[PDB]
Amino acid sequence: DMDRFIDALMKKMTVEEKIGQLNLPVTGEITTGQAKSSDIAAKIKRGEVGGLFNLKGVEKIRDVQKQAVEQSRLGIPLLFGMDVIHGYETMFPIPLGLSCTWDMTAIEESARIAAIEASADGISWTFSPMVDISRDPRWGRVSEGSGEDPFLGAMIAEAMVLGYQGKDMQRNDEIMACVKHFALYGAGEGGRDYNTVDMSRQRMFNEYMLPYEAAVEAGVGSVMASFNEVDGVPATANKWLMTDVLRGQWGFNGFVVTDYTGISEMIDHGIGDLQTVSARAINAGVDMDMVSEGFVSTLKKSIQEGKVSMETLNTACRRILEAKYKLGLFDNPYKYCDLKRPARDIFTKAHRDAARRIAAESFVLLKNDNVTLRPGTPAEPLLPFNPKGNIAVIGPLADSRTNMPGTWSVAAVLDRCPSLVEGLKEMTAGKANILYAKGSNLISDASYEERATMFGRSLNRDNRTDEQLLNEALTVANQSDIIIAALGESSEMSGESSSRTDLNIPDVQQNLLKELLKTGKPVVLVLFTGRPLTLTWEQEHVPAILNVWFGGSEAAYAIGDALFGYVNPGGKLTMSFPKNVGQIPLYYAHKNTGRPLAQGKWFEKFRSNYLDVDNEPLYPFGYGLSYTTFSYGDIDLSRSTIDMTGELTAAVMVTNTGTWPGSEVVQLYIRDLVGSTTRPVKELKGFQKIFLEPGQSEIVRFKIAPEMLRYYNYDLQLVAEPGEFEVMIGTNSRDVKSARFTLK
Amino acid sequence: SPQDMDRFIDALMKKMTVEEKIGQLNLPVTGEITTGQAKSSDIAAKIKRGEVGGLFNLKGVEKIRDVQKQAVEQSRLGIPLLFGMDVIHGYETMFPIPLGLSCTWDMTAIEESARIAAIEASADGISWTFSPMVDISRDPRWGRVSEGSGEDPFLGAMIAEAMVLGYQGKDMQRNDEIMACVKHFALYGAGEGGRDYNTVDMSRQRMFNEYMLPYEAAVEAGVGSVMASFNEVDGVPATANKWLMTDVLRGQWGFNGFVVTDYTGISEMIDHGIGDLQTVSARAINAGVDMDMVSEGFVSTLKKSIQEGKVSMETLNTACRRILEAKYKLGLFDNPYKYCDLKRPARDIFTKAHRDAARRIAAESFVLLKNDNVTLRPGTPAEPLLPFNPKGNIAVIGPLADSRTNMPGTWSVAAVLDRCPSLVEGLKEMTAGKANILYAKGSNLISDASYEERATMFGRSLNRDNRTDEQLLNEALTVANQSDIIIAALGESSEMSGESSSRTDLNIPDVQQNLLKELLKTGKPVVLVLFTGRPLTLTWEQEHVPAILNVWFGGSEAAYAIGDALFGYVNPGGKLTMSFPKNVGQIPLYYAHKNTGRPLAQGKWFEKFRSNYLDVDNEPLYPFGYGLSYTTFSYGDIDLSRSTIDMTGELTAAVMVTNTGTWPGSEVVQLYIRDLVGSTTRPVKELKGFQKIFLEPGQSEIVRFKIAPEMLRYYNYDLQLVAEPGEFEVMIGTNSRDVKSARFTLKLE
Ligand SMILES: O=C1O[C@H](CO)[C@@H](O)[C@H](O)[C@H]1O
Ligand SMILES: O=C1O[C@H](CO)[C@@H](O)[C@H](O)[C@H]1O
Ligand SMILES: [Mg+2]
Ligand SMILES: [Mg+2]
């Protein structure tokens, strides 16, 4: 059926036309790399274009599809691609923030909505999800992932692929997804984007690979090859990755696209000239060439010289044609070119309300200490509070529209998003006064601020000095009843090519924060960030800290919802927050070492520890507070022993012991006590997000079976070994209840 | 003969019970030196029962002789003991810490320092040193960088050879030659977070191209023993890693010696999480580990394992034979008391000749990092602060100004710490009658007293008192404002580096940097004499201090050597062997890095969509091979004897180096090669040669390097050590950053 159709089409094709299906030039207003493609009208005519990307607007896409359908010899329709990462126009939180919902239904929903919007506007293909594991918060691209953990990363990868594609991409509101960046890109040395990656095969499989595999097994249509080398070979020329693992081991039936000029960049990597690396890429299992024109300009010559087989070419071409067929583009090239759809599907109130809900769900309450508010009274937390009197909103993130959506919002209308001040003004009209002061620049260094606010994120820095801005803010702060310090990163301090060697709140903002605290007014830190920051000073001195990541186009409203208690925060961290950059890499699923430092023993000579800080993150994986409290009973294991075909249930009663209704992410960890290789001190193996009224309890039950206990041993065999296991359940990866069982 | 050894050992082993064979594999700890937590007990009775193969941490020929006499006269078979110690950079005469010593780029001096240490150690009963430490590291957070020779495997390998040869000589036959022990096999310098003992993980390709060569070089130089490392490799503690300890070490490299564990390395595998004591002990001996340091895994569990078939008699016999062979090769069956001459210590230890050598080698190790011109007096053109004639009032200020015990450096376990002159003491002696040495402590080591305590353990107290920072600073400023020049003696205490001394920030500590700022504010000329066991983050100091001399830890004669440099008796010629980062967030920085697919071109920081950071450029403050002189050297263009060679060929790269300044001095001329295109990505350069030359003012020398295809080999994707045809770039210069370039082509034919 498909096979026969594609056989017949391919029998007609010239070598040039087969090669053309593998070519993906760039166009439009959206800029995601340096090199630009020329002469696109003619190339479509010559049959030399497989797809395009970065073109926005159903009408413009329709026009281009027409040229392909009507002006090329064979009429083969184009794929239309875009980075639809965490929204099209309705922007959800950045993926890292979104991961802190621990809510696969919400995550699927966000992808569903983005697909509806993008498909309504002509897009058939998104370069998403980004599933790279990272333990290095220096790397700006942590903003695009789902944190450090592969179990949670894998579940999220599945939710995103399903949200975008549905069952089989048959509907006109379903699009093809693309798991990226295969593979290991999050382990770039120094946290410096694009830098050398190196690790053992054992680490690859146990620690980094699961999310890519989960996407493949969820039926993801395409895979993007990464910029990094693996084992000294750029991923785009690594046949072990792109054929042996991807196809041979996991059974991937789709196609592989490069990242931006990934082929020609192999010249700079230092593995040969354009022809050589182009031939190596297609022979490795790469099917589509993003921008470099390596395939289109050199593959014929390589075929003539016997460096690439006609077989290899036909396979690459076939995979591209199968993707087009599966999307329904041969049945109808204009499947996604309904000019009536943008008006009914894009940036609707329904979509924006969903984004607002998901944003509030993504926030992580890091601290909410009791503060003396009125003398004589027992100390109470600052959050939540009723919007009354004068609310100061101060800082460089307080009145920026364009920094609200987050990095990788290329189709968003940035200056349509309400700033925090605008959203809070709306939400408190008639009830409180919102008093604004800028307070500081983003950072002292003007050049830094300029590059940190590129892609239209300017904060309109002017000639007012740090001291002037501070003084104005203190005048405002001292007229107020409470201070909302809106501080942290600009959105483009994270994302692609946005690596940091220092992870503090920037200098002038931290100074501003210190001065606001010195007023004696209550201070809430509303923290904008795309990554873990080093917050030990803020943890010591600020009473309340709400990590809002970048919450999307409706962030301002969601922040209001959290501050005023309309939503009780329930986010939990998915990446460790280190005390300093000298502890990197810090991650919860670490080996014990031969000289573990016992709890509370810092400092101890001859143990694995530092002279100047303990081994712990400030906030561990899975950490997050609520306006209520939860209490855990002891773990009930249904068996003390099981065999390889058996099973048990781990159960724990969770009680809401405070005064607020709220959600709790109950987290399941397992430690394999003894291994033929060293095993992590714990691994996340399940979770359940529960909602409880005050005083209400729920018995949370986890099924545990031997398949969950498997790991890649020294010989890379995926096996569960007999022995003892420790089951841990708790409110984060640090504070847990424990019980043990034996596998026979 | 080899056959005589086999016959003798065959005969001895025929006598031995299983318990006696197991006993040869047992290495308890005793004596006054502390290098770990666990301690041994009942050693006298254990030796009597034949349950002890060697001991370590026992100092003094009288004590060692007594113990050897018990082994020889009172055990059934009289098998003599090995006596081990960490003789790392000196016995009593202390040379610079190894990392400092590596900056001499002088293999003759390095060999000499090991020779002297062996002479002193052997005089005092020691037959075995746990040295050299040859671990590659790119992570200056790790305290043990102090013990190695930097980031580079080419230089690392040459130093490993020099050290082994210095200790052992041709074949350990002489009574002033001892058995060496290459450590820590393997990859221990890549521990995550720079945190000692932490997880190591890397590809096999990285192991062989970037980390393994120095171990291999020690093995090929005939090192008698290998110490297994604390870290895991491929998820297996090195002490249980049969691929490391058998397949690589014996299978690939032909190692003929024995493997000892590190301190309780076997029982620590329980904590690593790979099983109980019996299980991990069986795995260790089966892996190729021959001697058990302290844990008593072998002695307490091997017989049960042999009964149960978990370890074979053949495996026990092989391990025992290796130990007996080491003892045989050291001459201990010929004479158990070879090293127990009670009269040698008085004539061989801490002699003037030894100490004069140490003083010379210390001055040779220092790295001049900065020496800018300063205007001392209106109307006189500006000149550098260093060197200066000792006259007037010379202030020496800081917590490292008057500490004897912090001079030798970490890993000086046999030194008499309180006998080393302090810097003030040394400079006072050297300037008697010419200058007044003024002194103030100026600051504590660091603001936190608890930190200072752990930083000055092992008898390195700075005698911190309850004076306020104000008292300390005011006294220093009263000194500074009377002085003609200020020597700011700042940096680390010695035990801020070494084992279990990892740091997450690499600054000069808070109160010392505040002191430095205040001294600079006086307007008097300031020379930073920097004590450290590691690269530090020195961007502020490079911007603000006119002269910076890195003296590492120079050893027992450091004070005199520092005087030699300051007063111009020696012209500094040290070159860095490890990159100095601008901040900890750049780690790891190393010169021999891959290009990436998005390289930032020179001078283009910042550029979006290149491999670079938002907040700092990609560069270290000081690159690999960096070091200044009191003179300047200029380099002509490179002349290659031919532009094309094949696998059978060779060429010569030659460059004229001229001393263009006013001082005679040494230059380390460094050869780097870039393999431009590979089947795998190749580093942007690799050190492949060097020559240290001495030139008088105005003098020139043509420095020539032989380049052959064997130098161009590397491990490809399939771990084949191969040279590939293609273009190569030859670079020669004064450091890894500032170089001349020429190209040549390699063909198959
Ligand atoms: O450079 C890139 O370009 C791609 C196209 O914009 C994008 O999808 C990748 O995530 C990114 O690495
Ligand atoms: O712990 C150790 O003990 C050993 C014995 O002191 C020493 O040689 C090693 O270098 C060290 O790691
Ligand atoms: Mg187990
Ligand atoms: Mg080559």
# chains A, B, ... in the order shown; residues from 1 in each chain; ligands from 1
$ residues_near_ligand --ligand "ligand 2" --cutoff "8 Å" --atoms "only C-alpha atoms and all ligand atoms" --output "list in words"
residues 606 of chain A; 34, 35, 36, 56, 57, 85, 86, 130, 131, 133, 183, 184, 227, 229, 230, 262, 263, 264, 293 and 499 of chain B
$ write_last_selection --atoms "N, CA and C atoms" --output "PDB file, in the first residue's frame"
ATOM      1  N   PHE A 606      40.196  12.098  54.636  1.00  0.00           N
ATOM      2  CA  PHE A 606      40.190  10.757  54.023  1.00  0.00           C
ATOM      3  C   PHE A 606      38.821  10.236  53.595  1.00  0.00           C
TER       4      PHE A 606
ATOM      5  N   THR B  34      50.881   8.753  59.591  1.00  0.00           N
ATOM      6  CA  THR B  34      49.456   8.520  59.378  1.00  0.00           C
ATOM      7  C   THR B  34      49.108   8.926  57.946  1.00  0.00           C
ATOM      8  N   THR B  35      48.673   7.964  57.141  1.00  0.00           N
ATOM      9  CA  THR B  35      48.139   8.254  55.801  1.00  0.00           C
ATOM     10  C   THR B  35      46.717   7.713  55.579  1.00  0.00           C
ATOM     11  N   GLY B  36      46.087   7.190  56.626  1.00  0.00           N
ATOM     12  CA  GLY B  36      44.707   6.725  56.542  1.00  0.00           C
ATOM     13  C   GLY B  36      44.102   6.481  57.908  1.00  0.00           C
ATOM     14  N   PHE B  56      54.400  -0.713  55.993  1.00  0.00           N
ATOM     15  CA  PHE B  56      54.668   0.663  55.594  1.00  0.00           C
ATOM     16  C   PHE B  56      54.332   1.646  56.708  1.00  0.00           C
ATOM     17  N   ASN B  57      54.838   2.865  56.526  1.00  0.00           N
ATOM     18  CA  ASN B  57      54.719   3.988  57.462  1.00  0.00           C
ATOM     19  C   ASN B  57      55.587   3.910  58.710  1.00  0.00           C
ATOM     20  N   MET B  85      57.131   3.381  52.076  1.00  0.00           N
ATOM     21  CA  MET B  85      56.802   4.732  52.523  1.00  0.00           C
ATOM     22  C   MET B  85      56.455   5.587  51.319  1.00  0.00           C
ATOM     23  N   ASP B  86      55.632   6.611  51.543  1.00  0.00           N
ATOM     24  CA  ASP B  86      55.408   7.631  50.531  1.00  0.00           C
ATOM     25  C   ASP B  86      56.614   8.565  50.490  1.00  0.00           C
ATOM     26  N   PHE B 130      56.107   4.543  47.427  1.00  0.00           N
ATOM     27  CA  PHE B 130      54.846   4.656  46.691  1.00  0.00           C
ATOM     28  C   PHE B 130      54.885   5.894  45.780  1.00  0.00           C
ATOM     29  N   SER B 131      55.738   5.821  44.767  1.00  0.00           N
ATOM     30  CA  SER B 131      56.031   6.950  43.885  1.00  0.00           C
ATOM     31  C   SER B 131      56.623   6.350  42.608  1.00  0.00           C
ATOM     32  N   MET B 133      53.584   9.285  41.487  1.00  0.00           N
ATOM     33  CA  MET B 133      52.193   9.573  41.155  1.00  0.00           C
ATOM     34  C   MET B 133      52.210  10.237  39.770  1.00  0.00           C
ATOM     35  N   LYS B 183      51.615   5.054  40.548  1.00  0.00           N
ATOM     36  CA  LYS B 183      50.260   5.184  41.071  1.00  0.00           C
ATOM     37  C   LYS B 183      49.581   6.365  40.393  1.00  0.00           C
ATOM     38  N   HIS B 184      48.246   6.433  40.385  1.00  0.00           N
ATOM     39  CA  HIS B 184      47.332   5.448  40.916  1.00  0.00           C
ATOM     40  C   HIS B 184      46.603   4.857  39.719  1.00  0.00           C
ATOM     41  N   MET B 227      50.288   0.584  42.025  1.00  0.00           N
ATOM     42  CA  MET B 227      49.217   0.719  43.005  1.00  0.00           C
ATOM     43  C   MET B 227      47.874   0.948  42.316  1.00  0.00           C
ATOM     44  N   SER B 229      44.052   2.164  41.967  1.00  0.00           N
ATOM     45  CA  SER B 229      43.443   3.400  42.444  1.00  0.00           C
ATOM     46  C   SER B 229      42.128   3.181  43.187  1.00  0.00           C
ATOM     47  N   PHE B 230      41.693   4.225  43.896  1.00  0.00           N
ATOM     48  CA  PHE B 230      40.451   4.205  44.676  1.00  0.00           C
ATOM     49  C   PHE B 230      39.180   4.301  43.833  1.00  0.00           C
ATOM     50  N   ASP B 262      45.687   0.508  47.096  1.00  0.00           N
ATOM     51  CA  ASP B 262      45.805   1.708  47.893  1.00  0.00           C
ATOM     52  C   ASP B 262      45.235   1.388  49.299  1.00  0.00           C
ATOM     53  N   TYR B 263      45.276   2.376  50.182  1.00  0.00           N
ATOM     54  CA  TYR B 263      44.947   2.218  51.601  1.00  0.00           C
ATOM     55  C   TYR B 263      43.525   1.686  51.845  1.00  0.00           C
ATOM     56  N   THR B 264      43.438   0.475  52.395  1.00  0.00           N
ATOM     57  CA  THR B 264      42.173  -0.270  52.564  1.00  0.00           C
ATOM     58  C   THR B 264      41.298  -0.289  51.296  1.00  0.00           C
ATOM     59  N   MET B 293      46.880  -3.721  51.002  1.00  0.00           N
ATOM     60  CA  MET B 293      47.214  -2.652  51.967  1.00  0.00           C
ATOM     61  C   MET B 293      46.139  -2.491  53.057  1.00  0.00           C
ATOM     62  N   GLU B 499      46.206  14.723  49.477  1.00  0.00           N
ATOM     63  CA  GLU B 499      45.093  13.781  49.463  1.00  0.00           C
ATOM     64  C   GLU B 499      43.947  14.312  50.313  1.00  0.00           C
TER      65      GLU B 499
END
$ closest_atom_pairs --of "chain A" --to "ligand 4" --cutoff "12 Å" --atoms "only C-alpha atoms and all ligand atoms" --output "JSON lines"
{"residue": "A:270", "atom": "CA", "partner": "ligand 4", "partner_atom_place_in_ligand_line": "1 (Mg)", "distance": 8.8}
{"residue": "A:271", "atom": "CA", "partner": "ligand 4", "partner_atom_place_in_ligand_line": "1 (Mg)", "distance": 8.4}
{"residue": "A:272", "atom": "CA", "partner": "ligand 4", "partner_atom_place_in_ligand_line": "1 (Mg)", "distance": 8.9}
{"residue": "A:273", "atom": "CA", "partner": "ligand 4", "partner_atom_place_in_ligand_line": "1 (Mg)", "distance": 11.9}
$ write_last_selection --atoms "C-alpha atoms" --output "tab-separated table (two decimals), in the first residue's frame"
chain	number	residue	atom	x	y	z
A	270	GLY	CA	38.29	18.01	11.88
A	271	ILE	CA	37.17	14.75	10.19
A	272	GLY	CA	37.48	15.83	6.53
A	273	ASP	CA	36.18	17.90	3.62
$ residues_around --residues "range 471-484 of chain B" --least-positions-apart "5" --cutoff "10 Å" --atoms "only C-alpha atoms" --output "MDAnalysis selection string"
chainID B and resid 376 391:398 436:444 466 511 514:515 518:526
$ write_last_selection --atoms "N, CA, C and O atoms" --output "short mmCIF file (atom, residue, chain, number, x, y, z; two decimals), in the first residue's frame"
data_model
loop_
_atom_site.label_atom_id
_atom_site.label_comp_id
_atom_site.auth_asym_id
_atom_site.auth_seq_id
_atom_site.Cartn_x
_atom_site.Cartn_y
_atom_site.Cartn_z
N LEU B 376 59.92 53.62 40.06
CA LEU B 376 60.29 53.75 41.48
C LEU B 376 60.60 55.18 41.90
O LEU B 376 60.54 55.48 43.09
N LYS B 391 68.76 45.55 49.80
CA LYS B 391 69.18 46.79 50.47
C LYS B 391 67.99 47.41 51.18
O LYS B 391 66.84 47.10 50.86
N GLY B 392 68.28 48.30 52.11
CA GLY B 392 67.25 49.07 52.78
C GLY B 392 66.36 48.21 53.67
O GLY B 392 66.86 47.32 54.37
N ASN B 393 65.06 48.49 53.63
CA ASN B 393 64.08 47.77 54.43
C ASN B 393 63.20 46.92 53.52
O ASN B 393 62.50 47.45 52.67
N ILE B 394 63.28 45.60 53.69
CA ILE B 394 62.52 44.64 52.89
C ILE B 394 61.46 44.06 53.81
O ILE B 394 61.80 43.38 54.79
N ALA B 395 60.20 44.33 53.50
CA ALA B 395 59.09 43.76 54.28
C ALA B 395 58.77 42.38 53.75
O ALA B 395 58.75 42.18 52.54
N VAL B 396 58.52 41.43 54.66
CA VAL B 396 57.99 40.12 54.29
C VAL B 396 56.75 39.94 55.14
O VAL B 396 56.83 39.91 56.37
N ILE B 397 55.59 39.89 54.47
CA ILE B 397 54.29 39.97 55.13
C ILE B 397 53.37 38.87 54.62
O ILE B 397 53.32 38.62 53.42
N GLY B 398 52.62 38.25 55.53
CA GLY B 398 51.59 37.28 55.16
C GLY B 398 51.69 36.03 55.99
O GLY B 398 52.70 35.79 56.64
N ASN B 436 67.54 45.21 56.17
CA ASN B 436 66.72 44.87 57.31
C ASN B 436 65.48 44.14 56.82
O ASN B 436 64.77 44.67 55.95
N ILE B 437 65.23 42.95 57.35
CA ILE B 437 64.02 42.21 57.03
C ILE B 437 62.98 42.56 58.07
O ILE B 437 63.16 42.26 59.25
N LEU B 438 61.93 43.23 57.63
CA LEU B 438 60.82 43.62 58.48
C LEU B 438 59.72 42.60 58.28
O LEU B 438 59.53 42.09 57.17
N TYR B 439 58.97 42.32 59.35
CA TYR B 439 57.98 41.26 59.32
C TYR B 439 56.67 41.63 59.98
O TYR B 439 56.64 42.24 61.06
N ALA B 440 55.58 41.22 59.34
CA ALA B 440 54.28 41.13 60.00
C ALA B 440 53.50 39.98 59.41
O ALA B 440 53.54 39.75 58.20
N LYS B 441 52.78 39.27 60.26
CA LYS B 441 51.93 38.18 59.80
C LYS B 441 50.86 38.69 58.84
O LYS B 441 50.59 38.06 57.81
N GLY B 442 50.23 39.80 59.19
CA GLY B 442 49.33 40.49 58.28
C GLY B 442 47.91 39.97 58.24
O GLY B 442 46.97 40.76 58.32
N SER B 443 47.75 38.66 58.08
CA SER B 443 46.44 38.02 58.16
C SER B 443 46.59 36.58 58.57
O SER B 443 47.68 35.99 58.52
N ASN B 444 45.47 36.00 58.98
CA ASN B 444 45.35 34.56 59.10
C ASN B 444 45.33 33.91 57.70
O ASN B 444 45.41 34.61 56.69
N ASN B 466 44.34 34.85 68.94
CA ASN B 466 43.08 35.58 69.05
C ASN B 466 43.17 37.08 68.76
O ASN B 466 42.24 37.83 69.07
N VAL B 511 40.87 36.70 53.62
CA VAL B 511 41.64 37.65 54.44
C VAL B 511 43.03 37.97 53.87
O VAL B 511 43.56 39.06 54.08
N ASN B 514 42.38 40.37 50.97
CA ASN B 514 42.15 41.68 51.57
C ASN B 514 43.47 42.33 52.03
O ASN B 514 43.69 43.53 51.80
N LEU B 515 44.34 41.53 52.65
CA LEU B 515 45.68 42.00 53.01
C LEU B 515 46.45 42.48 51.79
O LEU B 515 47.05 43.56 51.81
N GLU B 518 45.24 45.89 50.63
CA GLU B 518 45.73 46.94 51.54
C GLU B 518 47.21 47.26 51.36
O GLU B 518 47.62 48.42 51.46
N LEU B 519 48.01 46.22 51.11
CA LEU B 519 49.43 46.41 50.85
C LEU B 519 49.63 47.17 49.54
O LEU B 519 50.44 48.08 49.48
N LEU B 520 48.85 46.83 48.52
CA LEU B 520 48.92 47.55 47.25
C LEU B 520 48.51 49.03 47.40
O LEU B 520 49.13 49.91 46.79
N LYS B 521 47.52 49.29 48.24
CA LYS B 521 47.09 50.65 48.53
C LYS B 521 48.13 51.54 49.22
O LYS B 521 48.03 52.76 49.12
N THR B 522 49.12 50.96 49.90
CA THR B 522 50.19 51.79 50.49
C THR B 522 50.99 52.57 49.44
O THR B 522 51.59 53.61 49.75
N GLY B 523 51.03 52.05 48.21
CA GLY B 523 51.78 52.67 47.12
C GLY B 523 53.22 52.19 47.05
O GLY B 523 53.97 52.59 46.15
N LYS B 524 53.62 51.35 48.00
CA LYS B 524 54.94 50.72 47.97
C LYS B 524 54.94 49.59 46.96
O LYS B 524 53.89 48.99 46.71
N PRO B 525 56.11 49.28 46.37
CA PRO B 525 56.15 48.17 45.40
C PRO B 525 55.88 46.82 46.07
O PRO B 525 56.43 46.54 47.13
N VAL B 526 55.01 46.01 45.45
CA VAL B 526 54.58 44.74 46.03
C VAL B 526 54.92 43.62 45.07
O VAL B 526 54.55 43.66 43.90
#
$ residues_near_ligand --ligand "ligand 1" --cutoff "6 Å" --atoms "only C-alpha atoms and all ligand atoms" --output "list in words"
residues 32, 33, 83, 127, 259 and 260 of chain A
$ write_last_selection --atoms "C-alpha atoms" --output "PDB file, in the first residue's frame"
ATOM      1  CA  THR A  32      18.177  29.896  14.574  1.00  0.00           C
ATOM      2  CA  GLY A  33      21.678  29.820  13.030  1.00  0.00           C
ATOM      3  CA  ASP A  83      11.049  24.784  16.619  1.00  0.00           C
ATOM      4  CA  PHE A 127      11.911  19.939  16.229  1.00  0.00           C
ATOM      5  CA  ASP A 259      20.972  19.871  13.361  1.00  0.00           C
ATOM      6  CA  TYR A 260      21.751  23.317  11.820  1.00  0.00           C
TER       7      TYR A 260
END
$ closest_residue --among "B:226, B:562, B:342, B:207" --to "chain A" --atoms "only C-alpha atoms"
B:207
$ closest_atom_pairs --of "chain B" --to "ligand 3" --cutoff "9 Å" --atoms "only C-alpha atoms and all ligand atoms" --output "CSV"
residue,atom,partner,partner_atom_place_in_ligand_line,distance
B:273,CA,ligand 3,1 (Mg),8.9
B:274,CA,ligand 3,1 (Mg),8.4
B:275,CA,ligand 3,1 (Mg),9.0
$ residues_around --residues "residue 453 in chain B" --least-positions-apart "3" --cutoff "12 Å" --atoms "only C-alpha atoms" --output "VMD selection string"
(chain A and resid 603 605 611) or (chain B and resid 444 to 450 456 to 465 493 495 to 496)
$ interface_residues --of "chain B" --to "chain A" --cutoff "7 Å" --atoms "only C-alpha atoms" --output "PyMOL selection string"
chain B and resi 36+192-193+195-199+201-203+205+230+234-236+268-269+271-275+500-505+584-588+594-598+608-615+676-682
